[PDB]
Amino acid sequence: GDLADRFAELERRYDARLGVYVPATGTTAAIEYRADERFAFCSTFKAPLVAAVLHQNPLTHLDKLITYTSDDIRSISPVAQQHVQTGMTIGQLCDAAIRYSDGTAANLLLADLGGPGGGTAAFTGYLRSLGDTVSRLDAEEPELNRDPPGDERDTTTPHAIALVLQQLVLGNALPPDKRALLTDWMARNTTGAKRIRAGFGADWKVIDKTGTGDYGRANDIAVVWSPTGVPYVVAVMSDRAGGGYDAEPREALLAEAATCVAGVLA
């Protein structure tokens, strides 16, 4: 069989560009499809953003209260827009950024990293520290979802983001306590049920972070565990840029790509 052919078939069926990377393991070959092509992050960056904040702070920092105003709600923020009067702690922001893809939470965590560009330069530097020489964050939410096709701003590659996530969740980029917090937030994500999760049977554990954007962008980055406890990182990125900036993102493409991956990994 030819898995690349099957991924190409999905692209034709959905009128999409699909990128996949599943890193090789001691027991499995890599799966790679358009893995070194650029795709917009969209909200997938929020997982390594949380890691960046965890990395540079003691865990007591999760209790730091962050205050903000209604004027800070500039992007879709399901949690933050209900806590303008209370504020939210850094831990609550991490939780919201991952589990509800909260954009204000993400922007506040970017600001917590500090430096020029509201934290976007700092975040890119955190990726550089993980060996990622390609990815770049140039804008805050929501502008980071809106760059035109071909613009390298706010892009990663499936290969790069998969190896970032590998290091964060399965590797030693974070100490194991911080690692566990990231993993738990991703494990309780609320936004991913129709993406990679939908391609793996219920006996597989899936943790993930979605992203969605203009030009039909729909991404999901996950770590999955087999029914025997073997983990794999699965990065699936897509866009439908040929359809214009208002092309519909297609969750089902990601679910089907995931089902193809699940077929190989079973």
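We number the residues from 1 along the sequence you see.
Set 88 to 96 against 112 to 120 and average the Cα temperature factors; 112 to 120 ends up higher.
Judged by mean Cα B factor in the deposited record, 199 to 207 ranks above the other of 199 to 207 and 212 to 220. Highest CA B-factor among the listed residues (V134, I161, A106, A80): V134. Based on the entry's C-alpha B-factors, the most elevated value among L182, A173, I76, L127 belongs to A173. Among the modelled residues of its chain, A255 has a C-alpha B-factor that falls in the middle third according to the deposited record. For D239, the recorded CA temperature factor ranks within the lowest third of the chain's modelled residues.
The deposited CA B-factor of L10 belongs to the highest third of values across its chain.
In the PDB entry, a CA B factor belonging to the highest third of its chain's modelled residues is recorded for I31. In the deposited entry, the Cα temperature factor of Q56 sits in the middle third of values across the chain's modelled residues.
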